[PDB]
Amino acid sequence: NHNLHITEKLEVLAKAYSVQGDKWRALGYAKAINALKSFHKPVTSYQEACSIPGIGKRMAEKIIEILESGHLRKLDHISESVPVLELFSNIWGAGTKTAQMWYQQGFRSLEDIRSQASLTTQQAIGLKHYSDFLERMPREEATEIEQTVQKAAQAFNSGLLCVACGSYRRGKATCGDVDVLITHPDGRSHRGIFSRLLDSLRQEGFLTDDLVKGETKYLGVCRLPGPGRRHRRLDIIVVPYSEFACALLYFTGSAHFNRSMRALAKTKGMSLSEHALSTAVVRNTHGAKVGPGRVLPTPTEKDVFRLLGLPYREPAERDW
DNA sequence: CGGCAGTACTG
DNA sequence: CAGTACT
DNA sequence: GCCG
Ligand SMILES: O=C([O-])C(=O)[O-]
Ligand SMILES: [Mg+2]
Ligand code: NA
Ligand code: NA
Ligand code: NA
Ligand code: NA
């Protein structure tokens, strides 16, 4: 990154808009930041700033003030509430609206939340693990977690396929959580396995808390045995084999990469989800799907790329 | 002007 | 439904 | 916030 002197100032404003609920402006900042981090050289001119995709008049103006002034005046008028809103929205299950409500009600600390806030079941678990969920784990621990799930699943049916996705599959040295995708090549024996799989992982003591228990998605908390272990976020998704490639693609990410790929599909009259890539998709004038297209056959991730007219990208090159 | 990805889960 | 979360 |  040739422009840290810019981005680290911009990230502060981005975070402020985000925790305050200004989602679209924060998205604009996030895109301008990544564009700046991918630039090959320091941006040294206003029109050079305007050069880059994701940088407009407003953003170029801010970069010009930073190079001349070494500073961004807007940083000095960020509301005093933002550090507290960030503290609160780092509770799993509390977002901008809950954080703002707690702030309005006078709460200022996690002690205030603990002693006085009404918490959902999910939020109470997030608060209990507040520090642990802000920490990343070594890649090698994510391996142990994936393998724990795989062995529990394969105890029931040796034919079950289990793949760690997310940042793990993209090759990162540390992971904020573990994402495990499960399917069965026969296209049938994936059904109704959650109850037994989750029960098995609980009997161990491995699964410590459940955040979400849906028919296809589980989100929760695990901890490996022994001393020196922290609680870690674990997501599991079980999908039919017919959807494996799109589910693998979705779950491997990155989030930015998925959104960019899905935006591309839309421009070409298609739609991409975790379930399928569809074509001949009819939408209204607001980009809204009003008529469903046809599912396209996507036996492998490469097929999704190919049908989108894209060169194949290995997971490591999807880390956007 | 208005979209900015598409979906699952919770209560 | 609105809110939050996942990639 | 940016961009079509
Ligand atoms: O945890 C993550 O950030 C992921 O899965 O990409
Ligand atoms: Mg993940
Ligand atoms: Na530009
Ligand atoms: Na949160
Ligand atoms: Na009080
Ligand atoms: Na996850």
Side-chain angles (χ1 to χ4, degrees), chain A residues 10 14 16-18 20-22 24-36 49-50 53-56 59-63 88-101 118-123 125-126 133 164-170 175-181 210-212 214 216-220 233-239 243 246-267 270-273 275-278 281 284 287-288 292 315 318-320:
Chain A
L10 294 180
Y17 286 125
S18 192
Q20 291 171 308
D22 195 348
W24 300 125
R25 176 143 28 246
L27 183 58
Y29 272 81
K31 282 173 154 144
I33 285 162
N34 289 332
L36 282 163
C50 268
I55 306 290
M59 209 58 64
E61 284 167 357
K62 313 201 192 268
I63 306 161
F88 292 169
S89 58
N90 278 341
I91 296 173
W92 201 101
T96 177
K97 300 291 196 170
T98 301
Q100 289 190 285
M101 187 195 70
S118 197
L119 298 165
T120 66
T121 302
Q122 294 171 337
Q123 285 160 1
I125 293 165
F133 290 176
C165 298
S167 50
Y168 184 88
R169 188 159 182 257
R170 300 200 305 278
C175 307
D177 52 67
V178 183
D179 302 306
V180 175
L181 177 53
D210 306 331
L211 298 166
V212 162
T216 74
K217 304 207 298 184
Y218 170 83
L219 294 79
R233 281 275 294 104
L234 170 65
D235 298 355
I236 301 166
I237 298 169
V238 184
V239 305
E243 304 178 5
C246 290
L248 190 59
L249 189 64
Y250 153 73
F251 217 30
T252 297
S254 75
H256 174 221
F257 175 79
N258 285 351
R259 289 169 84 160
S260 299
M261 172 146 292
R262 291 162 178 212
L264 180 73
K266 187 177 265 186
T267 70
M270 293 139 84
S271 187
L272 176 64
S273 72
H275 297 297
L277 176 77
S278 307
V281 184
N284 69 19
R318 307 178 203 167
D319 197 38
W320 304 2

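Only heavy atoms go into these numbers, but all of them, side chains included; no hydrogens, no water, no symmetry mates. We name chains A, B, ... by the order of the sequence lines, and we start the count at 1 in each one.
Residues satisfying the side-chain contact (heavy atoms from CB on, under 4.5 Å) test with A:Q123, not counting sequence neighbours, are A:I91, A:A94, A:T98, A:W102, A:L119, A:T120. Scanning for side-chain contact (heavy atoms from CB on, under 4.5 Å) contacts around A:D235 gives A:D179, A:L219, A:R233, A:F251, with sequence neighbours left out.
Nucleotide C:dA5 holds its P atom 20 Å from the CD1 atom of A:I236, rounded to whole Å. B:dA8 atom P lies 10 Å from atom CD1 of A:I237, rounded to whole Å. Across the protein-nucleic acid pair, A:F133 atom CZ and C:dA5 atom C1' stand 13 Å apart, rounded to whole Å. As a whole-Å value, the separation of A:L181 CG from C:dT7 P is 13 Å. With rounding to whole Å, A:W92 atom CH2 is found 6 Å from C:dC6 atom P. With rounding to whole Å, A:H275 atom NE2 is found 6 Å from B:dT7 atom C1'. Atom P of nucleotide D:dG1 and atom OH of A:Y17 are separated by 4 Å, given to the nearest angstrom. Across the protein-nucleic acid pair, A:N284 atom CG and B:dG2 atom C1' stand 12 Å apart, rounded to whole Å.
For B:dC4, one of the phosphate oxygens OP1 or OP2 lies less than 4.0 angstrom from a side-chain nitrogen or oxygen of A:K266. Look at A:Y250 and you won't find any side-chain N or O under 4.0 angstrom from OP1 or OP2 of C:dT7. For C:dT4, one of the phosphate oxygens OP1 or OP2 lies less than 4.0 angstrom from a side-chain nitrogen or oxygen of A:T98. One finds no side-chain N or O of A:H256 lying less than 4.0 angstrom from the OP1 or OP2 phosphate oxygen of B:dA5. Contact between the side-chain N/O atoms of A:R25 and the OP1/OP2 oxygens of D:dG1 is found at a separation under 4.0 Å. Between A:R233 and C:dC6 there is a side-chain polar atom (N or O) within less than 4.0 angstrom of OP1 or OP2. The shortest distance between the side-chain N/O atoms of A:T120 and the OP1/OP2 oxygens of C:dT4 is not below 4.0 Å.
A pairwise comparison of heavy atoms in A:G21 and A:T96 identifies N-OG1, 3.2 Å as the closest pair.
Counting any heavy atom pair closer than 4.0 Å across all strands shown, A:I91 reaches sugar-phosphate atoms only and no base atom.
Among the nucleotides C:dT7, B:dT10, D:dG1, the one closest to the side chain of A:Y29 is D:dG1. When distances run from any side-chain atom of A:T96 to the nucleotides C:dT4, C:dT7, B:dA8, the shortest one goes to C:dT4. Of the candidate nucleotides C:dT4, B:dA8, D:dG1, D:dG1 has the atom nearest to the side chain of A:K62. Residue A:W24 places its side chain closer to D:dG1 than to any other of C:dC6, B:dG6, D:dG1. Closest approach to the A:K97 side chain among D:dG1, C:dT4, B:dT10 is made by C:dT4 (side chain taken as heavy atoms from C-beta onward). Taking every side-chain heavy atom of A:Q122 into account, B:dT10 is the closest of B:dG6, C:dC6, B:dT10.
Put simply, A:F251 does not rest on the base of C:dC6: the two rings are not both less than 5.5 Å apart at their centres and under 30° in tilt.
For A:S18 (side chain) and A:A14 (main-chain N/O), no donor-acceptor pair under 3.5 Å exists by modelled atom type.
In B:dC1, the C1'-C2'-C3'-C4' torsion is negative, which places the sugar in the south family.
Using cut-offs of 30° and 60° on the angle between ring planes, the pair A:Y17 and A:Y29 is tilted.
Spacing of P atoms, D:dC3 relative to B:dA5, comes out at 15 Å, to the nearest Å.
Residues A:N258 and A:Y250 bring no donor and acceptor atom of their side chains to less than 3.5 Å of each other.
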